[PDB]
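# Understanding the architecture of this molecule
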Amino acid sequence: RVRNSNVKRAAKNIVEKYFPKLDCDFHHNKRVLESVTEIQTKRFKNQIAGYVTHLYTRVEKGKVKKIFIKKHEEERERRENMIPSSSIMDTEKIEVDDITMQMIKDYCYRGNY
Amino acid sequence: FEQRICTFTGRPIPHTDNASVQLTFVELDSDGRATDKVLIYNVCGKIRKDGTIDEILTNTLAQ
Amino acid sequence: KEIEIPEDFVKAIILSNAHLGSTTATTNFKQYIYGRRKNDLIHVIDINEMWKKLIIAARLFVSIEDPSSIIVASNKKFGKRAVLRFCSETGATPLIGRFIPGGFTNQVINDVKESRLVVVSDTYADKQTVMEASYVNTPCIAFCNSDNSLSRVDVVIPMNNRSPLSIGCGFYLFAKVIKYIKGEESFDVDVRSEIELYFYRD
Amino acid sequence: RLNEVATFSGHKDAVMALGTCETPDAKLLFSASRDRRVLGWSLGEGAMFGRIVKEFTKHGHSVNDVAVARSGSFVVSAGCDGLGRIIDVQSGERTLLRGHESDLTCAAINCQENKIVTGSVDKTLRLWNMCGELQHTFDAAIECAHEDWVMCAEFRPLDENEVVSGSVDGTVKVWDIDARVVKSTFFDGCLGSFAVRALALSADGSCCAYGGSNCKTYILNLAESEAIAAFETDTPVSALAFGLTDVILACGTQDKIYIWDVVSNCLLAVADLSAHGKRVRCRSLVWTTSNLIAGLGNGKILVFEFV
RNA sequence: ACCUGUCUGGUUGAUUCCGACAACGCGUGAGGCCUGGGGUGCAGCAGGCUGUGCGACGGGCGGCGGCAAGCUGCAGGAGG
């Protein structure tokens, strides 16, 4: 069945606040949920903890664009710092097409068609 | 009572116009640094939405 | 006098293809056009007109007391780090992705500050922000392409926004003139290492 | 240099714990699992090897750990229903342990089979003796006791009554229980992402190891209370045991089996379990005198021979 | 006047949700819920009785859809 915003916004908060304490197995993922929240009825725990596992599977792939986890940007900034092959050194004697050089005739360098 | 005369048109800025914008510009030094004094500019509403506020502000600030 | 472009900076914008303007130019853009390529039917933008609109935009930026009041926005994902590397540097407030409409008018939402200037990457992509700025008496600088609309834009920076490096170069140079206007940093920047943070690499 | 010899029929859900015993000419294996049963496996002659001998199915929920005596007379069960049990494998009859609040996680028996420790998610690890007598609860009365669940706990073998205890805060807290005071609390070798899930003890009792949820394993000598070495793992390593008659370790993670030499501090071999299942997850491998036996999160229990 | 919010599309028994979005946040209803029914853990007592819990969430896997929501088959299971 389809979960609602009372479950999905809840389970979004659980994976967002408490991501490292979670795991892909559901029964461990429910065992954190009584320890760390207060949810009254045992069916509605299973509604939430089920969708937490359905979130934690795709956040393990990192697919969701909304939620944001402290580990997942510090790993991202390592990926952000590419060893830079910027073409400012790679381009030598820049080939600029015939009319593009004429606009730079006042102050010019690296002239090629 | 007083109403802001728009600088570029010379017209008064219309009554309670939201598109009317205050424009502030610091005077620029000879080497290109900021100075404490500021050019203060009044812009009418309709000249923004026409898009003609750009080319007039180019030639005014070119002076 | 007039500030001269560094050979360092003009090295960037040719391989940015920022002068590779567009196929179409409006009559509001023809003063930013020295010529058009007769081969590819592409208008080539004036660099000298591009550079002086940058320093006016930098002049308009610093004129507010607090740069954090300025809300700079970019809809596309090309300029996601171009506005993120900007606001860590310039000390402004970033807006990324879809601008939620009513972000300046509706007072039930208080995510960001009440703007005293906005600058956008594209008026086509951020038509919602440039309209919403006009409702609250807020100025608008914009990077504007050769085909782009320029209504409700105070300062047009004629430059391309349809390349991933292009707004990354433009937001870089706009950050470069800002501390040059304050005198915080001269043009001794060594672009080898700095502009790549603005660049969209994935 | 590892060879997967055989497999077991096994359960229909994740095996939480494995355990063996040194008996007069019989090698039992007790496999605790998530389908509320713990099986008894013999490993003798090859026709008898791999056949179910004992079976206990009266637990309420997942038997999160099991503990086999070095004498082999009895088997201590740790269940997620909240009640540990001490099962007499010849009788088939069990006692009960009522102390914990909820969801008991780990269990261990003394070298001398006098006392048993049971750890749970209620921030407690309560000790029982062989009759069901709750002697002491180690929650907050002793200072430097961890503030979350205890996922694993064991006994130091040659040491008389020292108990090791891994927890969700990443602190492997070890204490002498002779006087109820904490001896040491480790953190990455020095003294909730960092979360040790299972630990192992050596035969000589000095060498010890603990994996974790920080994708790292730390191997340390408790007598010096110093870290021997450290070994890095791809996924959050869960399973951990120690090799018999050699200074050799074997870690099991979500997908792979890392057999790490201690004294050489280099990786001897790796076995991947991706061939079997997709939700394969090795929980609680354990060594025998012949060859090490590793259980899986789908239900199969795989037998490997080391070279 | 009204419209948007309250929706192109996809989805659901559900205006249930995913998503794009001049809307953003909420609220009823829906759900959650309460009772009975099956499985068994403990406890108490004597056509066996009644307390206390556990157990299923669509979780796992395969294929569609992929910010997906979800749909569908199988295994496991007392129960889908």
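Residues numbered from 1 in each chain as written, not as in the entry; some residues may be left out. Chains lettered and ligands numbered in written order. Part of a larger assembly, values for the part shown. Heavy atoms only, no water. Residues with missing side-chain atoms left out of burial classes, pairs and counts.

Listed as the method for this PDB entry is cryo-EM; the listed resolution is 2.9 Å.

Under the PDB entry, the name given to chain D is RACK1, and the source organism is Paranosema locustae. Under its PDB record, the entry appears with the title "Structure of the Paranosema locustae ribosome in complex with Lso2".

The name the PDB entry gives chain B is eS21, with Paranosema locustae as the organism.

### Details of the interface of chain C and chain B
Convention followed: Contacts: residue pairs with any heavy atoms within 4.5 Å of one another. Numbering goes from the N terminus for both helices and strands, where a helix is a DSSP run of H or I of at least four residues and a strand is a run of E of at least two. The classification used treats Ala, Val, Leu, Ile, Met, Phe, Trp, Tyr, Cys and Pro as nonpolar, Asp, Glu, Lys and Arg as charged, and all other residues, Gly among them, as polar.
Taken together, the contacts link 22 residues of chain C with 18 residues of chain B. Those elements that provide at least two residues to the side of chain C that touches chain B are α2 (47-62), β8 (155-158) and α5 (164-182) of chain C. By residue number, the principal contributor to the side of chain C that touches chain B is α2(C), which donates three residues. Class assignment for the residues of the side of chain C that touches chain B results in 12 nonpolar, seven polar and three charged.

### Here's the deal with the arrangement of the chains
Inter-chain contacts occur across two pairs of chains; the most extensive set of contacts lies between chains B and C. Looking at chain A next to chain C, you find no contact at all, with the nearest C-alpha pair sitting 6 Å apart.

### As for the interface of chain D and chain A
It is common to give the size of an interface as the accessible area that goes away when the parts come together. Taken residue by residue, the interface counts 18 residues in chain D and 11 residues in chain A. In the side of chain D that touches chain A, the residues fall into four nonpolar, eight polar and six charged.

### Some points on the packing of helix α1 (residues 5-18) of chain A against helix α3 (residues 42-60) of chain A
Residue and element names in this part refer to chain A. Going by this rule: To define axes, lines are fitted to C-alpha atoms, for helices over the stretch in contact only, and angles between the resulting N-to-C directions are given on a 0 to 180 degree scale. Oblique is the label for any angle not covered by the other classes, which are roughly parallel (under 35 degrees), roughly antiparallel (over 145) and roughly perpendicular (65 to 115). In this scheme the handedness of a crossing depends on how the near helix is turned from the far one: anticlockwise by less than a right angle means left-handed, clockwise means right-handed.
The contact between α1 and α3 brings their axes to 9 Å, and the two run at 55°. With respect to each other, α1 and α3 are oriented oblique. The crossing of α1 and α3 is right-handed. Residue-level contacts link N6, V7, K8, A10, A11, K12, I14 and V15 of α1 to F44, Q47, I48, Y51, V52 and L55 of α3. Partitioned by chemical class, the residues of the contact of α1 with α3 number 10 nonpolar, two polar and two charged.

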